[PDB]
């Protein structure tokens, strides 16, 4: 077989993204027969240079996941990617630790296949244009550039939240992401800080191609604004060398292989 084209001929461009019609994962499987156990897909027509592990931090949002799966599987196949879906479920009731769950996704995904690209995505963001490729670029890639939550615009230039993609090398370079941010906010600013310190810039598609829709929800008591976030962000330069991939610890409580994705439930400890 031959290499897949730089751009897929399957792309459709803008899509109507709606969260009304309930979805039936069984139907989603029905419609996505090429996706194998554990949510893995590899093109049969061509060879893709993009081996992508899509990492989703998660805790009790199965309803958002159904929509994510419903919309992304067809998109990712269209983008002709050799990919796998990993939902990192945070066990327990401590405050949500997004960045640490993403670190777990990186290590765990690597046990399955030799991925060279990692896409980090919140469960509640769906891209509205399939030209916004869910793969890695020569520089760290910020994907959810124009979300409705912000009036289809980037809230601030240093914003690296929502959905992003880092090559294995770009990730390793910054010692992965922080493990010490509990509760909402700042961890993505820390990551932005790490990238900038390693001399990288953020690559982004334009605001038109990068539009995303967010599935709404009410304040999460398990993820209240983090009071120390600002001090943490202010010290990334020093803490990035001691808090990240190299200091990651967790306990896997279960690895679940469903037909549409792999859900890894983990015990990531508590704040200290």
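Numbering follows the first chain given and starts at 1.
Colleague: Averaging only over Cα atoms, indicate whether 14-22 or 252-260 has the higher B-factor in the PDB entry.
Modeller: In the deposited entry, the stretch with the higher C-alpha B-factor mean is 14-22.
Colleague: Comparing average C-alpha B factors as deposited, tell me which of 62-70 and 214-222 sits higher.
Modeller: According to the PDB entry, the answer is 214-222.
Colleague: Per the coordinate record, which of the options 57, 244, 43, 205 holds the highest CA temperature factor?
Modeller: In the PDB entry, the greatest C-alpha B-factor among 57, 244, 43, 205 is found at 43.
Colleague: Going by the CA temperature factor in the PDB record, which third of the chain does residue 188 belong to: lowest, middle or highest?
Modeller: Lowest third, going by the recorded CA B-factors of the chain.
Colleague: Place residue 84 in the lowest, middle or highest third of its chain's C-alpha B-factors, as listed in the PDB entry.
Modeller: Answer is lowest: the recorded C-alpha B-factor places it there.
Colleague: Among the modelled residues of this chain, does the Cα B factor of residue 152 put it in the lowest, middle or highest third?
Modeller: Within its chain, residue 152 is a highest-third residue by C-alpha B-factor, going by the deposited values.
Colleague: Compared with the other modelled residues in the chain, in which third is the CA B-factor of residue 94?
Modeller: Its C-alpha B-factor belongs to the highest third of this chain's values.
Colleague: Looking at the C-alpha B-factor of residue 27, is it in the lowest, middle or highest third of its chain?
Modeller: For residue 27, the deposited C-alpha B-factor lands in the highest third.
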